[PDB]
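Have a look at model31.txt below; it lists compact mmCIF, C-alpha atoms.
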```
# COMPACT_ATOMS: atom_id res chain seq x y z
CA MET U 1 127.35 50.99 20.70
CA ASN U 2 124.39 52.19 22.89
CA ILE U 3 121.77 49.31 22.94
CA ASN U 4 122.42 46.66 20.15
CA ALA U 5 125.51 44.89 21.73
CA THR U 6 123.55 42.32 23.98
CA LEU U 7 121.60 40.57 21.10
CA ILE U 8 124.12 37.65 20.62
CA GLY U 9 125.25 36.77 24.23
CA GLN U 10 121.77 36.04 25.70
CA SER U 11 120.53 33.86 22.75
CA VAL U 12 123.40 31.31 23.20
CA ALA U 13 123.17 31.40 27.06
CA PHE U 14 119.38 30.68 27.26
CA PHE U 15 119.48 27.68 24.86
CA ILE U 16 122.50 26.22 26.76
CA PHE U 17 121.00 26.67 30.28
CA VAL U 18 117.66 25.03 29.27
CA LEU U 19 119.26 21.95 27.62
CA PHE U 20 121.90 21.63 30.41
CA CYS U 21 119.26 21.85 33.21
CA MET U 22 116.97 19.38 31.32
CA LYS U 23 119.80 16.74 31.29
CA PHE U 24 121.89 17.36 34.50
CA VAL U 25 119.73 19.39 37.07
CA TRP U 26 115.90 19.07 36.62
CA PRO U 27 115.31 15.22 36.39
CA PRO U 28 116.79 14.25 39.87
CA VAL U 29 114.35 16.55 41.79
CA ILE U 30 111.04 15.85 39.89
CA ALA U 31 111.26 12.02 40.45
CA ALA U 32 110.65 12.77 44.19
CA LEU U 33 107.08 13.94 43.37
CA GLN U 34 106.19 10.48 41.92
CA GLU U 35 107.73 8.94 45.12
CA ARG U 36 106.13 11.31 47.77
CA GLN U 37 102.70 10.85 46.17
CA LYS U 38 103.22 7.03 46.15
CA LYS U 39 104.22 7.01 49.90
CA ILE U 40 100.70 8.28 50.72
CA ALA U 41 98.97 6.13 48.02
CA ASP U 42 100.59 2.90 49.41
CA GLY U 43 99.40 3.92 52.95
CA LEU U 44 95.82 4.45 51.66
CA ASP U 45 95.95 1.06 49.82
CA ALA U 46 97.24 -0.66 53.03
CA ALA U 47 94.13 0.59 54.93
CA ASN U 48 91.73 -0.95 52.31
CA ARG U 49 93.89 -4.15 52.12
CA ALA U 50 93.97 -4.70 55.93
CA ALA U 51 90.16 -4.32 56.18
CA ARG U 52 89.62 -6.69 53.17
CA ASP Y 53 98.11 -1.56 62.43
CA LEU Y 54 98.23 -3.73 59.22
CA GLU Y 55 101.03 -5.90 60.73
CA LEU Y 56 99.01 -6.20 64.00
CA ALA Y 57 95.88 -7.06 61.92
CA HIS Y 58 97.75 -10.03 60.33
CA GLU Y 59 98.52 -11.35 63.86
CA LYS Y 60 94.85 -10.88 64.97
CA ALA Y 61 93.63 -12.65 61.80
CA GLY Y 62 96.23 -15.38 62.70
CA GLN Y 63 94.42 -15.90 66.07
CA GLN Y 64 90.97 -16.24 64.37
CA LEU Y 65 92.58 -18.61 61.81
CA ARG Y 66 94.17 -20.98 64.44
CA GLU Y 67 90.96 -20.82 66.55
CA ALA Y 68 88.95 -21.88 63.46
CA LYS Y 69 91.31 -24.88 62.89
CA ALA Y 70 90.99 -25.99 66.54
CA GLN Y 71 87.20 -25.41 66.83
CA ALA Y 72 86.54 -27.26 63.52
CA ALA Y 73 88.75 -30.15 64.76
CA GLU Y 74 86.78 -30.35 68.07
CA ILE Y 75 83.44 -30.35 66.15
CA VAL Y 76 84.61 -33.42 64.14
CA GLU Y 77 86.21 -35.06 67.25
CA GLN Y 78 82.95 -34.70 69.21
CA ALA Y 79 81.07 -36.23 66.23
CA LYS Y 80 83.37 -39.33 66.26
CA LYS Y 81 82.97 -39.57 70.08
CA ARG Y 82 79.12 -39.35 69.64
CA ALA Y 83 79.26 -42.00 66.88
CA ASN Y 84 81.19 -44.38 69.19
CA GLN Y 85 78.59 -43.83 71.98
CA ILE Y 86 75.66 -44.64 69.63
CA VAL Y 87 77.25 -47.98 68.58
CA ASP Y 88 78.06 -48.93 72.23
CA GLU Y 89 74.46 -48.17 73.34
CA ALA Y 90 73.17 -50.26 70.38
CA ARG Y 91 75.36 -53.23 71.51
CA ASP Y 92 74.02 -53.07 75.10
CA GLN Y 93 70.44 -52.76 73.77
CA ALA Y 94 70.90 -55.74 71.37
CA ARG Y 95 72.47 -57.77 74.26
CA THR Y 96 69.50 -56.90 76.56
CA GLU Y 97 66.98 -57.67 73.75
CA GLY Y 98 68.17 -61.33 74.16
CA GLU Y 99 65.59 -61.76 77.01
CA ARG Y 100 63.46 -63.28 74.13
CA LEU Y 101 65.34 -66.60 74.71
CA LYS Y 102 62.95 -66.85 77.78
CA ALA Y 103 60.33 -64.04 77.38
CA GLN Y 104 59.14 -65.41 73.96
```

So, in terms of structure tokens, how does the structure I just supplied come out?
Amino acid sequence: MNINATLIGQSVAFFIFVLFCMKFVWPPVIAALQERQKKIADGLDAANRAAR
Amino acid sequence: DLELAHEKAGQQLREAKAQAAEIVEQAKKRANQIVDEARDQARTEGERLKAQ
């Protein structure tokens, strides 16, 4: 077969990699954005709190 | 700086307790003086046993 043989392998692989990453790879790294942003926000709040 | 600010506020706080205590202590000392001067005046006013 010239071109048509790849149609089944990629469809299964994409759906697996997205659901697998969504449950075991993506969540641990994105939490750090909520944290890093809060490290600065707590520092900015401390400046207003000390003056008050 | 926030931790150092709590210590500095702690100096103004203890100074306010001490200064307020001295203001009331001086008032009681002044009150005692007024009564003692009134007793010496009232004792001296007794010249009336001869003067009048």

d(CA of residue 52 in chain U, CA of residue 63 in chain Y) in Å: 16.6 Å

With a cut-off of 8 Å, could you pull out the residues of chain Y touching chain U and give me the nearest pair of atoms for each, distance in Å to one decimal, using only C-alpha atoms, ordered by chain and ascending number, as a Markdown table?
```
| residue | atom | partner | partner_atom | distance |
| --- | --- | --- | --- | --- |
| Y:54 | CA | U:50 | CA | 5.5 |
| Y:57 | CA | U:50 | CA | 6.7 |
| Y:58 | CA | U:50 | CA | 7.9 |
```

Once 4 Å is added on each side, what are the centre and the three edge lengths, in Å to one decimal, of the axis-aligned box enclosing the listed atoms of range 94-104 of chain Y? Present them as AutoDock Vina command-line options.
```
--center_x 65.8 --center_y -61.3 --center_z 74.6 --size_x 21.3 --size_y 19.1 --size_z 14.4
```

Straight-line distance linking CA of residue 15 in chain U with CA of residue 31 in chain U, stated in Å to one decimal: 23.6 Å

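Here CA of residue 55 in chain Y and CA of residue 44 in chain U stand 14.7 Å from one another.
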